[PDB]
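With the authors' numbering applied, the sequence shown corresponds to residues 27 to 57, 59 to 238, 240 to 289, in that order.
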Amino acid sequence: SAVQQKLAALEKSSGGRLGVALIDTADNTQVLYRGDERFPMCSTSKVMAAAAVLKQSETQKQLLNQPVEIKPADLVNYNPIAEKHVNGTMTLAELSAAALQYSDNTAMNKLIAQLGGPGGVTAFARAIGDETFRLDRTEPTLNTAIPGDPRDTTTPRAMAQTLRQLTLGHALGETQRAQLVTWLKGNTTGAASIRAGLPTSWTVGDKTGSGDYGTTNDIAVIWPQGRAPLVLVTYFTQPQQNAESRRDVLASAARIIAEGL
Ligand SMILES: *[B@@]1([O])O[C][C]([C][O])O1
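Written out as structure tokens, the structure reads:
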């Protein structure tokens with residue numbers, strides 16, 4: 027189709043490898060570009076860790092208010108919110124918000140710990156029907172994004188389906204789903220990525236990811253005004269280990285997708 031030709035052209039112009047999956051929930055139609064290739068998730072994996080903790084909170088009703096101590100040894104390479112609470116506590120809700128809205132890596136590691144390790148995050152994915160997602164490492168090493176390395180990867184198709192189930196479907200309880208949506212809508216790191224390729228009137232909830241090999245990712249739920257919502261996953265990675273981020277590619281892919289609707 028037109029959109030696949032334009033996405034291929036965008037990819038060719040970028041020098042990297044682009045993966046896109048769109049679900050239009052109006053007719054459950056899908057648009059895929061390298062939809063079944065693995066890509067390093069980087070921080071887009073934080074959505075799965077947060078959702079897993081939310082799922083736990085359906086039975087442990089007060090879990091999200093549980094205080095968790097932030098110690099200096101907990102700090103890793105990028106902790107914009109946890110840094111503000113060293114030698115203090117953050118609740119699991121606050122850690123989930125920080126992981127999602129600020130991409131805080133210390134927060135992610137605390138969520139992983141709450142789940143019993145990366146295998147606990149992966150187990151949640153399996154439990155909601157995602158056979159592709161795999162989380163293998165903690166922060167910051169899960170962002171190494173080495174070409175061909177299957178660790179800490181998923182495919183665009185799988186992540187789109189899973190993000191749909193978490194935000195628009197019923198993989199989570201009603202209050203948990205609403206909380207996740209609220210967190211995603213309040214993301215602070217996405218302004219130059221998918222959001223930049225979409226009409227300013229559309230409401231977006233998204234989670235970015237960045238890593240080595242110029243890996244530049246964004247996963248989004250999109251609520252166009254007067255239209256069924258869309259789920260859009262855009263993964264991008266490059267052949268040079270020290271390549272610069274290319275959020276403009278994600279913006280451009282979103283724009284191409286938006287034009288075809
Ligand atoms: B994710 O990808 O978003 C930011 C952090 C940087 O380590 O990880």
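Beta carbons: idealized from backbone N, C-alpha and C, even for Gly.
Query raised in the report: Which residue from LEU119, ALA109, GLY45 puts its Cα closest to that of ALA79?
Result: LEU119
**Report entry** Secondary structure of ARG191, DSSP reduced to three states
**Finding:** Helix at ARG191.
Report task. Could you tell me whether any non-hydrogen atom of ligand 1 is closer than 6 Å to the CB of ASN170? Result -> Checking every heavy atom of ligand 1 against the Cβ of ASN170, one is found closer than 6 Å.
Query raised in the report: In whole angstroms, what is the alpha-carbon distance linking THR51 and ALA100?
Result: 44 Å
Requested in this report: With DSSP as the reference, please indicate the residues paired to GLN56 in a beta bridge.
Outcome: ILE49
Query raised in the report: Under 6 Å from any heavy atom of ligand 1, does the C-beta of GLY242 make it?
Result: no
Query - Collapsed DSSP secondary structure at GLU166 in the structure displayed - result: coil
Query raised in the report: If you scan the segment 72–131 from start to end, which runs of the beta strand (DSSP E) of 3 or more residues do you find wholly inside it?
Result: Correct list: 94–97, 115–118.
Query raised in the report: Buried or exposed: which applies to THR209, given that a residue is buried once 16 or more other Cβ atoms fall within 10 Å of its Cβ?
Result: exposed
Query raised in the report: Are there 16 or more other CB atoms within 10 angstroms of the CB of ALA282, so buried, or fewer, so exposed?
Result: buried
Query - C-alpha distance - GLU121 paired with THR235, whole-angstrom precision - result: 18 Å
Report task. Determine, using beta carbons only, whether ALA124 and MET135 come nearer to each other than 7 Å. Result -> no
Requested in this report: In angstroms with no decimal places, state the Cα-to-Cα distance between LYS111 and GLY213.
Outcome: 19 Å
Query raised in the report: Should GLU158 go down as buried or exposed, given a rule of 16 or more other Cβ atoms within 10 Å for buried?
Result: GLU158 comes out exposed.
**Report entry** Close beta carbons around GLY217, own chain, < 8 Å, minus the five adjacent residues each side
**Finding:** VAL231, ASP233, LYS234, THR235, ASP246, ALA248
Requested in this report: Report yes if the C-beta distance between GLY238 and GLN266 is below 7 Å; otherwise report no.
Outcome: no
Query raised in the report: CB of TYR105 to nearest heavy atom of ligand 1: below 6 Å?
Result: yes
**Report entry** Contacts around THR116, its chain only, beta-carbon distance under 8 Å, and the 5 residues preceding and following it disregarded
**Finding:** Annotation for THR116: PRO94, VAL95, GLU96, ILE97 place their beta carbon closer than 8 Å to its own, counting only its chain and skipping 5 residues before and after.
Requested in this report: Closer than 6 Å by C-beta to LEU169: which residues in its own chain qualify, once you throw out the five before and the five after it? Chain order, please.
Outcome: Excluding sequence neighbours, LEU169 sits near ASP179.
Query raised in the report: For the beta strand (DSSP E) that contains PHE264, what are its first and last residues?
Result: 258–265
**Report entry** Opening and closing residue of the alpha helix (DSSP H) in which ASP276 lies
**Finding:** Counting along the chain, the alpha helix (DSSP H) containing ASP276 begins and ends at 275–287.
Query - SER130 Cβ short of 6 Å to ligand 1 heavy atom set - result: Checking every heavy atom of ligand 1 against the Cβ of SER130, one is found closer than 6 Å.
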